[PDB]
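Report on the following structure.
Each answer follows from the model by the rule given with it, or from the source it names; no laboratory instrument gave them. Note that each Cβ is placed from the backbone with ideal geometry, even for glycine, and that neighbours are counted across all protein chains shown.
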Amino acid sequence: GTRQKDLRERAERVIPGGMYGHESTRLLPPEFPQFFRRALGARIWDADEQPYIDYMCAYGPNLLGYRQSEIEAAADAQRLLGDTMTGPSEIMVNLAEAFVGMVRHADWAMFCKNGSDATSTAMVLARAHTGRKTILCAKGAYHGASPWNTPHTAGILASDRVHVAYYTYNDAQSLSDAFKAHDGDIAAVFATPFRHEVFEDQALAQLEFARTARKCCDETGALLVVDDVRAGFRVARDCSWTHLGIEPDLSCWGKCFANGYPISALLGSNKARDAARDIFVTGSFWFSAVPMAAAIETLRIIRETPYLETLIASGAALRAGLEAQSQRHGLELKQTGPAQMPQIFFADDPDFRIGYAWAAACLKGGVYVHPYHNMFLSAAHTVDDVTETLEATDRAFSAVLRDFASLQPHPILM
Amino acid sequence: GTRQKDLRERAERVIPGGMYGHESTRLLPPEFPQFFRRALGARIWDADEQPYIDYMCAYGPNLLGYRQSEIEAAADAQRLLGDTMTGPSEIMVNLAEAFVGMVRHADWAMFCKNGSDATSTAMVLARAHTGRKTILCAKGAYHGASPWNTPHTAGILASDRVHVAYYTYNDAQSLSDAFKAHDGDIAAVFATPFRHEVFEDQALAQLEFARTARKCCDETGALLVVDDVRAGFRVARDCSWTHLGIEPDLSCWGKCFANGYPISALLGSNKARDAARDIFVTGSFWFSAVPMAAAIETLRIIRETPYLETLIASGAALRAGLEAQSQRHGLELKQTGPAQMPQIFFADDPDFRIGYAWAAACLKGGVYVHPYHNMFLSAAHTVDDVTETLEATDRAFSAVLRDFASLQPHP
Ligand SMILES: Cc1ncc(COP(=O)(O)O)c(CN)c1O
Ligand SMILES: Cc1ncc(COP(=O)(O)O)c(CN)c1O
Ligand SMILES: [Mg+2]
């Protein structure tokens with residue numbers, strides 16, 4: 001609309017490319033809005049005041065609803081006291097106690113801003129702890145956008161990641177072999193708790209893979225690092241490997257544990273405490289109290305309320321509804337990963353032209369779904385939201401069938 | 001006091017060493033409180049409700065006073081709309097226009113969280129722009145706590161910084177020599193706008209040094225990056241090298257441009273725009289609107305009010321007062337760098353025993369000063385605050401003289 005077009009014209013002049021990073025719409029159909037005006041519960045409004053039921057949950061942070069009144073009350077109370085001060089607030093202690101108490105593997109916490117801050121801290125910690133160099137990551141796994149791990153390597157030197165080595169996710173043989181390929185020199189294994197990457201089907205972690213990670217780390221003294229920045233608190237009320245009976249040495253957390261306030265965390269066992277004290281990591285904003293107050297109230301709600309069961313039920317209902325609509329319209333889906341963090345692709349759609357068209361058509365019905373990145377459910381998504389969503393998705397399936405002969409892949413994608 | 005001691009005991013159990021990073025009190029005298037309860041204007045209150053006139057300004061962020069009412073009203077207005085959303089707020093555009101408008105060398109802005117995010121982005125951008133490897137930094141200059149730049153190297157590999165090379169700050173010949181030592185391979189020169197580092201006297205940047213940096217960059221196509229995360233908006237209303245007449249290609253900003261709200265920025269000229277589009281930098285929280293709304297209002301106040309002149313006047317008064325006071329007591333100071341971001345050391349105090357004792361004695365008088373790290377003035381510090389500060393500093397000078405024979409360095 002008129003406001004979006006003005007904003008895009010202006011943005012291109014003063015922001016490289018008009019926008020950047022994971023929230024850029026550059027690889028989405030052109031009808032996706034870039035700039036928003038407001039948000040509440042499970043909904044966002046674009047600059048032209050069109051509402052969307054939001055299945056990105058702000059790319060993860062919106063766990064409980066935008067402007068959730070209890071979290072905003074806790075943030076308000078802390079803001080009357082102080083935020084970014086010469087030292088941390090006393091409540092930093094309360095937050096570390098609360099987080100450590102919830103995470104069975106952890107005896108301590110460190111707070112930072114970005115999830116990338118937490119994964120980088122984990123990497124440096126493991127090198128200090130072991131005196132070894134090699135960090136093992138799954139090929140194509142996203143752990144942040146630092147030089148060591150950013151997925152797109154313009155301006156990145158080989159030397160920035162020369163001591164990162166790779167294994168195939170969910171392949172126990174591949175991981176075992178990676179330990180032996182750098183025999184005696186493994187500082188850490190990083191693993192996301194499931195496979196959650198762009199343009200790729202999701203897949204749950206396999207027990208044998210997770211056991212092999214834990215066993216090889218135990219045998220060698222390497223630290224097991226679960227990167228829970230994305231899945232944290234939508235799989236479980238603890239580390240997302242809890243249900244596999246596999247406890248890491250370090251876990252990284254972010255996005256949603258203050259329901260949108262900027263704070264991330266490294267949780268660590270006592271095994272790793274000395275190395276955590278030896279490294280030097282910090283930032284201007286890492287000791288700010290208002291995000292910590294929001295985190296304390298979010299963690300309370302996580303502990304004390306059926307938020308998790310609620311958002312999973314909404315996810316499951318959406319999944320079932322799309323399966324049924326899929327069969328009716330003759331357009332097979334691949335719905336993968338947990339229903340509460342779903343990847344929803346079309347079968348037999350290798351250039352994504354079908355998925356792109358369908359996602360764009362859902363916008364016209366007031367639904368924001370994503371053709372290449374996993375989605376997310378919030379505890380604020382209602383049974384009514386899901387019913388209304390499925391009316392939009394029905395029409396989107398019809399629009400894709402109607403326009404099927406004229407569909408084109410995204411040019412920049414191509 | 002009692003609450004501080006309970007908190008340190010509890011902290012030790014659930015946080016490595018009870019605290020970490022630049023706000024840890026580990027290297028300060030033991031009477032420095034680690035944990036605080038509240039903050040307002042130029043004052044902080046510790047966990048035992050003792051007020052201090054605060055000369056750290058939260059280590060830079062507090063430019064206009066804690067809980068500054070206009071910035072909080074602007075933050076409130078945005079919070080009723082939305083903060084961390086599926087895309088940025090429309091106000092991201094307003095913020096970029098405002099920041100670009102204020103910064104003469106800049107045509108575009110990118111926003112992030114940490115100052116370290118901005119400096120890292122500048123590094124990657126320069127390598128993408130030039131296709132070269134070597135980043136030149138001043139020996140001992142702090143640009144963040146990433147693997148490539150962190151000052152303490154536990155867990156850091158040689159390979160993390162093998163393409164960072166060093167020059168001597170304020171030494172034009174050293175910088176020129178460093179270009180030639182990596183001939184045709186310089187991606188960027190990073191410089192803080194003055195020397196501002198721990199345990200060291202500060203020094204203003206020399207014109208010939210800055211001109212050399214600009215000229216060597218111009219000749220080689222390397223990018224000149226001014227790291228203004230610390231000094232930004234306390235030296236000038238533009239890049240802190242504005243008074244030298246030297247414009248960088250990139251400048252890095254953070255700490256105070258949203259008066260405590262967490263947001264940082266890379267500002268760049270069109271020369272660097274293509275490379276800025278080519279690199280991939282992002283974060284979950286980098287597109288949040290409320291820090292951007294605080295930033296817009298902070299930047300307006302910076303442009304439209306005499307905040308700079310106010311904090312400079314306060315810094316100048318404090319410096320002249322301490323000069324006179326120290327001389328009366330026969331204890332010479334080294335007050336270095338800008339008066340509004342002062343380093344206050346004692347002459348002939350190589351193990352900091354005197355400065356530590358003095359700084360500790362200031363706490364008893366309700367004044368928070370730092371014996372090894374530069375301090376900061378805010379526009380909320382008043383003439384009466386300086387007068388009251390000087391009463392406490394006087395007593396601290398007397399305390400140091402009384403206990404002089406017994407002073408011991410920090411363990
Ligand atoms: C000049 C300079 N540059 C970069 C940084 C990094 O900022 P942050 O701590 O917010 O990551 C700092 C922080 N002291 C700084 O002083
Ligand atoms: C699993 C995972 N780890 C780390 C990060 C990095 O977090 P941030 O973008 O907040 O720096 C992300 C962000 N997508 C993530 O999904
Ligand atoms: Mg625990």
message: When you check B:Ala293 against the structure, is it over 20 Å from B:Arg67 (Cα atoms), in contact with a helix residue (DSSP H, G or I) (Cβ under 7 Å, 6 or more places away or on another chain) and of a type in the set (A, V, I, L, M, F, W, C), yes or no?
response: no
query: Is it true that some residue in segment B:171-188 is closer than 19 Å to B:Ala276 by Cβ, within 16 Å of ligand 1 (Cβ to nearest atom) and not in a loop (DSSP other than H, G, I, E, B)?
result: yes
message: Between B:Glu72, B:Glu90, which is among the charged types (D, E, K, R) and facing chain A (nearest Cβ under 7 Å)?
response: B:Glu90
- prompt: Could you say which residue among A:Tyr55, A:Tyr66, A:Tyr20 is out of contact with any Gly (no Cβ under 9 Å at 6 or more places or on another chain) and surrounded by 23 or more Cβ atoms within 10 Å (Cβ to Cβ)?
  reply: A:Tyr55
task: Quickly run through segment A:201-212 and pick out the residues that are of a type outside the set (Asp, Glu) and out of contact with any helix residue (DSSP H, G or I) (no Cβ under 6 Å at 6 or more places or on another chain).
output: A:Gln202, A:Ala203, A:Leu204, A:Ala205, A:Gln206, A:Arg211
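Okay, residues lined up against (1) within 16 Å of ligand 1 (Cβ to nearest atom); (2) at negative phi; (3) hydrophobic (A, V, I, L, M, F, W, C); (4) not assigned by CATH to the domain that holds B:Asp403:
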| site | (1), (2), (3), (4) |
| --- | --- |
| B:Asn270 | no, yes, no, yes |
| B:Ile279 | no, yes, yes, yes |
| B:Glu323 | no, yes, no, no |
| B:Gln335 | no, yes, no, no |
statement: Scanning segment A:157-187 for residues that are touching a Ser or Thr at 6+ places or on another chain (Cβ under 7 Å) and closer than 30 Å to B:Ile186 by Cα gives A:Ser159, A:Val162, A:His163, A:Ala165
query: How many residues, within segment B:161-196, are out of contact with any helix residue (DSSP H, G or I) (no Cβ under 9 Å at 6 or more places or on another chain), buried (at least 17 other Cβ atoms within 10 Å of the Cβ) and either under 25 Å from B:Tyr59 (Cα atoms) or among the acidic types (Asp, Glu) (or both)?
result: 4
task: Output the residue which, of all residues in segment B:149-160 that are crowded, with 19+ Cβ neighbours inside 10 Å and more than 7 Å from chain A (Cβ to nearest Cβ), is nearest to A:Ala122 (Cα to Cα).
output: B:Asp160
task: Consider B:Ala141 carefully, then state whether it is of a type in the set (A, V, I, L, M), surrounded by fewer than 21 Cβ atoms within 10 Å (Cβ to Cβ) and within 8 Å of chain A (Cβ to nearest Cβ).
output: no
- request: Take segment B:264-283 and flag every residue that is out of contact with any strand residue (DSSP E or B) (no Cβ under 6 Å at 6 or more places or on another chain), touching a residue at least 60 places away in the same chain (Cβ under 8 Å) and within 22 Å of A:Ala58 (Cα to Cα).
  value: B:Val281, B:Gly283
- line: Among strands (runs of 3 or more DSSP E) entirely within segment A:242-359, at least 2 residues that are more than 16 Å from ligand 3 (Cβ to nearest atom) occur in A:333-336, A:343-346
query: Pick from segment A:34-61 the residues that are facing chain B (nearest Cβ under 7 Å) and either in contact (Cβ under 8 Å) with a residue 40 or more places away in the chain or within 16 Å of ligand 1 (Cβ to nearest atom) (or both): which of them is nearest to A:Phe352 (Cα to Cα)?
result: A:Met56
task: Collect the residues in segment B:126-167 that are closer than 17 Å to B:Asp249 by Cβ and of a type outside the set (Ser, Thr, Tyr), keeping them in residue-number order.
output: B:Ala126, B:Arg127, B:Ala128, B:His129, B:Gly131, B:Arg132, B:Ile135, B:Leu136, B:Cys137, B:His143
- request: Residues being surrounded by fewer than 18 Cβ atoms within 10 Å (Cβ to Cβ) and touching a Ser or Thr at 6+ places or on another chain (Cβ under 8 Å): count how many of those fall in segment B:325-364.
  value: 3
task: May I ask you to list pairs of residues, at least six apart or on different chains, whose Cβ atoms are under 7 Å apart, with the first in segment A:114-133 being within 9 Å of chain B (Cβ to nearest Cβ) and in contact (Cβ under 8 Å) with a residue 12 or more places away in the chain and the second being in a helix (DSSP H, G or I) and within 16 Å of ligand 3 (Cβ to nearest atom)?
output: A:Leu125/A:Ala272; A:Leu125/A:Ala276; A:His129/A:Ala272
